[PDB]
Structures are given as structure tokens and as C-alpha cells.
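[1] Starting from these lines, generate the structure:
(one chain, ligands or ions: 2)
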Amino acid sequence: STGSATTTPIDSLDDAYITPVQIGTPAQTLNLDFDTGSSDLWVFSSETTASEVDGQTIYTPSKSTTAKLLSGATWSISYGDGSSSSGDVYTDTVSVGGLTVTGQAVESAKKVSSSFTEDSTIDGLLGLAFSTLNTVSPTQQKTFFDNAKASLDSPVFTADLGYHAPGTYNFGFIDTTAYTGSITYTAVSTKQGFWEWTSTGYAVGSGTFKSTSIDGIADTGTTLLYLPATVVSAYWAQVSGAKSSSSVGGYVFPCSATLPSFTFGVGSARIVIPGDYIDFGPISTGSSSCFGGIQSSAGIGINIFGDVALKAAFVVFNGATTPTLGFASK
Ligand SMILES: NCc1ccc(C(F)(F)F)cc1
Ligand SMILES: NCc1ccc(C(F)(F)F)cc1
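    Numbering: from 1, shown residues only. Ligands and ions are numbered 1, 2, ... in the order given. Shown next is the protein structure:
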């Protein structure tokens, strides 16, 4: 079997991407944030504290003939940005773009942090990291991908995120019409539960490529590109007037500047991020200082190839018994 679904940016800055997902019988369609950096499928629901819901579409298990409460199971998650949510667990039928999984753990939010309440466009998250990170207790649950793996034609999914435009998540097949050239595959470590890999170096604009190993995770659920302080300083040094701002919390630059591209290495291949992808606009309405899409990972503890980097490529998440990541230009 295969599945294919369109994913759409939630705003004009590509801060996140939502993908419609059918849950329950009859279908309740929710727009979820597909997150390869986490492993919980959780939704706003009829159980969510009413004051904490502001425009989101909610899942109502009581209206689904296939929903079953998972007795005694709870979940609680904290994300690297300080957001958090928690609740109880149902099993139900979940379909993504024609691909159906029965008995998927659907985690019903009873409490969500303020950042989720304020994001009216995101109805929940669909985790696509490895199932060892799932937070359901006392019985850990599998991700949608892990549950679908056996019935997929190929145990893969692909992310084709658009720049200010819709894109595609495919499950079970690789669309050879969606990229140019060849796909370069690189080894993945699952030891931390992430799609963790090693980039072979970088270049700024038309500069010399610096060969150097950068270990990081491929994370569709993170907006920006977080890299070591040395790399990030080398990039922003090429932008006139750019500086790291403690009050703002990262590098900013004059909105009138033109940004250089950023290249990162995948084995012997190169993925080029156009400079326009790194512009995240004014720090406040009307400001002439703009926020940069490449920031330091120093305070985070791990390097993160977020949407800024991934949307410049066609990305294969190969969930074979030895997992790999594939990158191609597009
Ligand atoms: N997108 C999920 C996510 C968020 C944060 C992190 C961090 F901060 F731990 F790296 C990993 C994964
Ligand atoms: N990295 C996971 C994640 C994804 C989205 C959000 C947001 F945008 F809803 F705040 C927070 C955390």
C-alpha cells in the first residue's frame, strides 16, 4: 500500500506545515504537524481544557465507532522549544492520503501549553521519529509509520516541503519525478531516537567548501536551521550589519540586505539553500531588523536540520532494518 498527502505552510514565513489526517469512523479530518523530531501522535480533543482551545479542530472520540480508550494509559511530552502537552490515549483508525492504519494510538490532549493554544492552524502533531521516543506510559506505543511499515510497498516516507508553497509527504514509494539528479544516501544513528546523521561540511555563498563533520537530526518539526556557533558566525559575517542580539535571541540583519546561500554536504553531494530561504522577516511589525533562519545550536545541545534546510531538498526517510536518509536536489 502507499499514501500521498499535500502539506501546506501555516503562514507566510513557512513557520510550520500542516497535513490533513483522517481519524475515526466516520472520518474526522484534522490538520496535523508532521514532526520527524518526535514520536507521539496527539490531537486537540473534546477532552482538552476549554480555555486552552482557540480555533483548533478537535477530535471527539465519543463520535467515533472505532475509538477505544486505552485503559490506564497517559502521555506527557515536552519539546525542545519549551512547549508541552499531556492527556490520555485512545486507539482508532488513522488514514493519511489513502494509507490506513487500524489501532493507531491517538493521544488525546487534556492540557496544552500556551504556544499550542495560540497556533489556531495546528490541530496536533504526528510524530515520525523512532518509536523509542514515544511517551505513552506504562505501555509505549508505536508511531503511524511503524504501524504502517509492514503493509507499505517500501518501508520509506519522503518529505518534499515547499518554499512559500504546498508540498508533499509520500508513504511507501519514492516519486522519481519529484527531484533532479540522484539521491545520495547517508547513514543514520537511532541511538537517541532521532533521524540523526552526519553532514560532511558547508559553504557560505560562493565561498570555499569546508570539509567538517556536523552531526545533527533531520527534523520537519523545527522551523530553522541550528548549527554550531563557528559555522553560524562564518555565515552571518558575510551579511553587512548582521549581529547576534541577546534581546531578540539570535542573529538579526538589516531587512535591506541580500542574503548569501548556504550549502551543506551529504556525502560527496551538496544541497544549496537559497539565501531567500534564510529571511524570516521583521522581528516585530514595521521593524527594519529581520530575523535570520540560521541560528546557533550552542544553547540546544544538538544540531537541527529543520525546515529551512529540508525544504531545499527532496528527503527520503528510509525505515529499513538499517535506516538511512536520502537527499536530492529539486
Ligand atoms: N521537532 C521535535 C523536536 C524538538 C526539539 C528537539 C531538541 F531540542 F531536543 F533537539 C528535538 C526534536
Ligand atoms: N518541534 C515540535 C513543535 C512543533 C510545533 C510547535 C508549535 F509551532 F506549535 F509551537 C512546537 C513544537
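[2] got the contact list for the residue of the stretch 101-250 of the chain at minimum distance from ligand 1?
    For the stretch 101-250 of the chain, the residue closest to ligand 1 is residue 221, as judged by Cβ to the nearest ligand atom, at 3.0 Å. In short, each C-beta sits where N, CA and C put it, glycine included. Contact partners of residue 221, counting by Cβ atoms under 8 Å, 6 or more residues apart in numbering, are 16, 33-38, 79, 125, 306.
[3] just the residues you listed now: which is nearest residue 65?
    Checking those against residue 65 with Cβ to Cβ, the nearest one is residue 125 at 24.7 Å.
[4] dump the residue contacts of the closest one.
    With contact taken as Cβ under 8 Å, 6+ apart, residue 125 is in contact with 32-35, 38, 40-42, 221.
[5] The helix or strand containing it: which residues count as buried?
    When elements are assigned from DSSP states H and E, residue 125 belongs to strand 124-127. Going by neighbour count (16 or more other Cβ atoms under 10 Å), the buried part of strand 124-127 is 124-127.
[6] pull the longest helix from this protein.
    Taking DSSP state H as the criterion, the chain has its longest helix at helix 229-236.
[7] Against which helices or strands is the helix or strand just after that helix packed?
    Per DSSP H and E, the first helix or strand lying C-terminal to helix 229-236 is strand 243-245. If you count contacts as 3 or more Cβ pairs under 8 Å, 6 or more residues apart in numbering; DSSP states H and E, strand 243-245 packs onto strand 250-254.
[8] element containing the residue nearest to residue 291 when sequence neighbours are not counted, please.
    Of all residues not flanking residue 291 in the chain, residue 280 sits nearest, at 4.4 Å (Cβ to Cβ, 6 or more residues apart in numbering). Assigned by DSSP H and E, residue 280 falls within strand 279-282.
[9] What pairs with that strand, parallel or antiparallel?
    Strand 279-282 has the following sheet partners, assigned by DSSP bridges: strand 289-292 (antiparallel).
[10] and the partner strand, which residues are buried?
    289-292.
[11] do the same with stretch 184-198
    Buried residues in stretch 184-198, counted by 16+ other Cβ under 10 Å: 184-186, 188, 193-198.
[12] hmm, who's touching it?
    Residues outside stretch 184-198 that contact it (Cβ under 8 Å, 6+ apart) are 36-37, 39, 129-130, 132-133, 213-219, 266-269, 302, 316-318, 323-328.
[13] one step back: in strands, which of the contacts of residue 221 appear?
    Within the contacts of residue 221, membership in strands is found for 33-35, 125, as judged by DSSP state E.
[14] Mind putting those residues into a markdown table with distance to residue 115?
    Below are these laid out as a markdown table (distance: Cβ to Cβ, whole Å):
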| residue | distance to residue 115 |
| --- | --- |
| 33 | 12 |
| 34 | 18 |
| 35 | 14 |
| 125 | 12 |
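[15] out of the residues you listed, who has the most neighbours?
    residue 125 (26 neighbours; other Cβ atoms under 10 Å).
[16] Roughly how far does residue 243 sit from residue 129?
    34 Å (Cβ to Cβ, to the nearest Å).
[17] Give me the more crowded residue out of the two.
    Ranked by neighbour count (other Cβ under 10 Å), residue 243 and residue 129 place residue 129 first, with 27 against 13.
[18] So the more buried one sits against residue 143, correct?
    Yes. Counting by Cβ atoms under 8 Å, residue 143 is a contact partner of residue 129 at 7.4 Å.
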